[PDB]
>>> print(open('data.pdb').read())   # PDB, N, CA, C and O atoms
ATOM      1  N   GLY A   1       0.844  -1.201   0.000
ATOM      2  CA  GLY A   1       0.000   0.000   0.000
ATOM      3  C   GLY A   1       0.866   1.232   0.000
ATOM      4  O   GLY A   1       1.539   1.519   0.986
ATOM      5  N   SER A   2       0.880   1.953  -1.119
ATOM      6  CA  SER A   2       1.725   3.137  -1.326
ATOM      7  C   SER A   2       1.469   4.249  -0.295
ATOM      8  O   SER A   2       0.354   4.415   0.204
ATOM      9  N   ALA A   3       2.490   5.059  -0.001
ATOM     10  CA  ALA A   3       2.332   6.292   0.770
ATOM     11  C   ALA A   3       1.532   7.371   0.001
ATOM     12  O   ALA A   3       0.955   8.271   0.620
ATOM     13  N   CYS A   4       1.447   7.260  -1.329
ATOM     14  CA  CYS A   4       0.592   8.067  -2.194
ATOM     15  C   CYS A   4       0.197   7.289  -3.459
ATOM     16  O   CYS A   4       0.952   7.220  -4.436
ATOM     17  N   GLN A   5      -1.009   6.713  -3.452
ATOM     18  CA  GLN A   5      -1.601   6.088  -4.638
ATOM     19  C   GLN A   5      -1.874   7.139  -5.722
ATOM     20  O   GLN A   5      -2.539   8.148  -5.468
ATOM     21  N   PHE A   6      -1.371   6.909  -6.940
ATOM     22  CA  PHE A   6      -1.409   7.912  -8.007
ATOM     23  C   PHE A   6      -2.835   8.322  -8.400
ATOM     24  O   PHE A   6      -3.026   9.479  -8.751
ATOM     25  N   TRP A   7      -3.843   7.441  -8.308
ATOM     26  CA  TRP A   7      -5.209   7.735  -8.775
ATOM     27  C   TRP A   7      -5.823   8.968  -8.089
ATOM     28  O   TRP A   7      -6.489   9.769  -8.746
ATOM     29  N   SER A   8      -5.551   9.168  -6.794
ATOM     30  CA  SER A   8      -6.067  10.323  -6.050
ATOM     31  C   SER A   8      -5.442  11.632  -6.560
ATOM     32  O   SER A   8      -6.151  12.610  -6.820
ATOM     33  N   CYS A   9      -4.126  11.643  -6.802
ATOM     34  CA  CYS A   9      -3.445  12.759  -7.464
ATOM     35  C   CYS A   9      -3.889  12.932  -8.928
ATOM     36  O   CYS A   9      -4.087  14.058  -9.370
ATOM     37  N   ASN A  10      -4.104  11.845  -9.670
ATOM     38  CA  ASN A  10      -4.572  11.855 -11.054
ATOM     39  C   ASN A  10      -5.908  12.586 -11.189
ATOM     40  O   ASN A  10      -5.993  13.576 -11.915
ATOM     41  N   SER A  11      -6.919  12.177 -10.417
ATOM     42  CA  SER A  11      -8.215  12.855 -10.387
ATOM     43  C   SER A  11      -8.101  14.315  -9.934
ATOM     44  O   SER A  11      -8.807  15.173 -10.472
ATOM     45  N   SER A  12      -7.179  14.617  -9.011
ATOM     46  CA  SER A  12      -6.909  15.983  -8.529
ATOM     47  C   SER A  12      -6.250  16.880  -9.581
ATOM     48  O   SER A  12      -6.508  18.081  -9.610
ATOM     49  N   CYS A  13      -5.423  16.319 -10.463
ATOM     50  CA  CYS A  13      -4.831  17.025 -11.590
ATOM     51  C   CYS A  13      -5.828  17.185 -12.743
ATOM     52  O   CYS A  13      -5.999  18.285 -13.267
ATOM     53  N   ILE A  14      -6.529  16.126 -13.145
ATOM     54  CA  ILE A  14      -7.510  16.213 -14.232
ATOM     55  C   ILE A  14      -8.625  17.235 -13.932
ATOM     56  O   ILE A  14      -8.975  18.039 -14.797
ATOM     57  N   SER A  15      -9.116  17.295 -12.690
ATOM     58  CA  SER A  15     -10.090  18.311 -12.254
ATOM     59  C   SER A  15      -9.555  19.753 -12.304
ATOM     60  O   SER A  15     -10.349  20.686 -12.414
ATOM     61  N   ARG A  16      -8.230  19.959 -12.285
ATOM     62  CA  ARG A  16      -7.577  21.266 -12.544
ATOM     63  C   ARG A  16      -7.418  21.564 -14.033
ATOM     64  O   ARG A  16      -7.447  22.732 -14.417
ATOM     65  N   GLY A  17      -7.249  20.530 -14.856
ATOM     66  CA  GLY A  17      -7.233  20.625 -16.319
ATOM     67  C   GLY A  17      -6.261  19.665 -17.004
ATOM     68  O   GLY A  17      -6.207  19.638 -18.232
ATOM     69  N   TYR A  18      -5.464  18.893 -16.254
ATOM     70  CA  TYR A  18      -4.494  17.964 -16.833
ATOM     71  C   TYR A  18      -5.140  16.654 -17.327
ATOM     72  O   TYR A  18      -6.360  16.561 -17.473
ATOM     73  N   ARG A  19      -4.313  15.634 -17.589
ATOM     74  CA  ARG A  19      -4.708  14.281 -18.042
ATOM     75  C   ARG A  19      -4.026  13.164 -17.231
ATOM     76  O   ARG A  19      -4.350  11.988 -17.409
ATOM     77  N   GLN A  20      -3.109  13.538 -16.334
ATOM     78  CA  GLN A  20      -2.274  12.656 -15.516
ATOM     79  C   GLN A  20      -1.869  13.344 -14.204
ATOM     80  O   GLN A  20      -1.794  14.575 -14.149
ATOM     81  N   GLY A  21      -1.637  12.554 -13.149
ATOM     82  CA  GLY A  21      -1.124  13.031 -11.864
ATOM     83  C   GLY A  21      -0.701  11.911 -10.907
ATOM     84  O   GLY A  21      -1.183  10.783 -11.016
ATOM     85  N   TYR A  22       0.246  12.212 -10.018
ATOM     86  CA  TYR A  22       0.966  11.269  -9.140
ATOM     87  C   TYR A  22       1.793  12.043  -8.093
ATOM     88  O   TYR A  22       1.967  13.252  -8.229
ATOM     89  N   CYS A  23       2.302  11.385  -7.047
ATOM     90  CA  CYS A  23       3.297  11.981  -6.138
ATOM     91  C   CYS A  23       4.739  11.738  -6.616
ATOM     92  O   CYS A  23       5.000  10.843  -7.425
ATOM     93  N   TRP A  24       5.692  12.505  -6.081
ATOM     94  CA  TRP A  24       7.134  12.288  -6.246
ATOM     95  C   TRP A  24       7.625  11.038  -5.484
ATOM     96  O   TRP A  24       6.862  10.360  -4.787
ATOM     97  N   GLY A  25       8.915  10.716  -5.607
ATOM     98  CA  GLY A  25       9.493   9.498  -5.042
ATOM     99  C   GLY A  25       9.759   9.494  -3.526
ATOM    100  O   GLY A  25       9.820   8.403  -2.947
ATOM    101  N   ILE A  26       9.906  10.654  -2.870
ATOM    102  CA  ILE A  26      10.342  10.737  -1.457
ATOM    103  C   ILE A  26       9.504  11.701  -0.600
ATOM    104  O   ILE A  26       8.904  11.247   0.374
ATOM    105  N   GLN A  27       9.448  12.997  -0.928
ATOM    106  CA  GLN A  27       8.895  14.041  -0.047
ATOM    107  C   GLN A  27       7.930  15.003  -0.764
ATOM    108  O   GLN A  27       8.256  15.568  -1.812
ATOM    109  N   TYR A  28       6.727  15.168  -0.209
ATOM    110  CA  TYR A  28       5.616  15.867  -0.856
ATOM    111  C   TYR A  28       4.448  16.210   0.093
ATOM    112  O   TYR A  28       3.960  15.388   0.877
ATOM    113  N   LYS A  29       3.952  17.443  -0.050
ATOM    114  CA  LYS A  29       2.691  17.973   0.507
ATOM    115  C   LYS A  29       1.640  18.206  -0.593
ATOM    116  O   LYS A  29       0.444  18.260  -0.299
ATOM    117  N   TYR A  30       2.079  18.270  -1.854
ATOM    118  CA  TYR A  30       1.271  18.507  -3.052
ATOM    119  C   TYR A  30       1.642  17.527  -4.183
ATOM    120  O   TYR A  30       2.757  17.001  -4.227
ATOM    121  N   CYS A  31       0.712  17.272  -5.104
ATOM    122  CA  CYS A  31       0.894  16.333  -6.215
ATOM    123  C   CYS A  31       1.707  16.916  -7.394
ATOM    124  O   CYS A  31       1.937  18.126  -7.507
ATOM    125  N   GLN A  32       2.115  16.043  -8.312
ATOM    126  CA  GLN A  32       2.619  16.376  -9.641
ATOM    127  C   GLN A  32       1.514  16.071 -10.667
ATOM    128  O   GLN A  32       0.798  15.079 -10.542
ATOM    129  N   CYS A  33       1.385  16.923 -11.681
ATOM    130  CA  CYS A  33       0.396  16.834 -12.755
ATOM    131  C   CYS A  33       1.083  16.828 -14.123
ATOM    132  O   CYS A  33       2.169  17.397 -14.307
ATOM    133  N   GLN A  34       0.405  16.193 -15.082
ATOM    134  CA  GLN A  34       0.915  15.837 -16.407
ATOM    135  C   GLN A  34       2.370  15.321 -16.415
ATOM    136  O   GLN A  34       3.253  15.931 -17.057
TER
END
>>> encode(input="data.pdb", output="structure tokens")
Amino acid sequence: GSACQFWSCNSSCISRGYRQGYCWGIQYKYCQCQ
């Protein structure tokens, strides 16, 4: 079970206007998009 499952970031990026989203490899308070 990941510390950040990409689907939650993915839906959070697409709702802003992107097509993809995920967390970084180590340290994060916010997602990465496209």
>>> atom_distance(input="data.pdb", atom1="atom CA of residue A:23", atom2="atom CA of residue A:6")
6.5 Å
>>> resolve_selection(input="data.pdb", expression="the PyMOL selection byres (((chain A and resi 5 and name CA) around 12) and name CA)", output="ChimeraX atom specification")
/A:1-4,6-12,21-25,31
>>> atom_distance(input="data.pdb", atom1="atom CA of residue A:20", atom2="atom CA of residue A:33")
5.7 Å
>>> select_by_dssp(input="data.pdb", residues="chain A", states="alpha helix (DSSP H)", output="MDAnalysis selection string")
chainID A and resid 6:14
>>> write_last_selection(input="data.pdb", atoms="N, CA, C and O atoms", output="compact mmCIF listing (two decimals), keeping the file's coordinate frame")
# COMPACT_ATOMS: atom_id res chain seq x y z
N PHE A 6 -1.37 6.91 -6.94
CA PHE A 6 -1.41 7.91 -8.01
C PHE A 6 -2.84 8.32 -8.40
O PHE A 6 -3.03 9.48 -8.75
N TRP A 7 -3.84 7.44 -8.31
CA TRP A 7 -5.21 7.74 -8.78
C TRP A 7 -5.82 8.97 -8.09
O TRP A 7 -6.49 9.77 -8.75
N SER A 8 -5.55 9.17 -6.79
CA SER A 8 -6.07 10.32 -6.05
C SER A 8 -5.44 11.63 -6.56
O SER A 8 -6.15 12.61 -6.82
N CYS A 9 -4.13 11.64 -6.80
CA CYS A 9 -3.44 12.76 -7.46
C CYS A 9 -3.89 12.93 -8.93
O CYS A 9 -4.09 14.06 -9.37
N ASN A 10 -4.10 11.84 -9.67
CA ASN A 10 -4.57 11.86 -11.05
C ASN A 10 -5.91 12.59 -11.19
O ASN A 10 -5.99 13.58 -11.92
N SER A 11 -6.92 12.18 -10.42
CA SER A 11 -8.22 12.86 -10.39
C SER A 11 -8.10 14.32 -9.93
O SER A 11 -8.81 15.17 -10.47
N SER A 12 -7.18 14.62 -9.01
CA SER A 12 -6.91 15.98 -8.53
C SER A 12 -6.25 16.88 -9.58
O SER A 12 -6.51 18.08 -9.61
N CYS A 13 -5.42 16.32 -10.46
CA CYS A 13 -4.83 17.02 -11.59
C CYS A 13 -5.83 17.18 -12.74
O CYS A 13 -6.00 18.28 -13.27
N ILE A 14 -6.53 16.13 -13.14
CA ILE A 14 -7.51 16.21 -14.23
C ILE A 14 -8.62 17.24 -13.93
O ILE A 14 -8.98 18.04 -14.80
>>> atom_distance(input="data.pdb", atom1="atom N of residue A:16", atom2="atom O of residue A:30")
13.9 Å
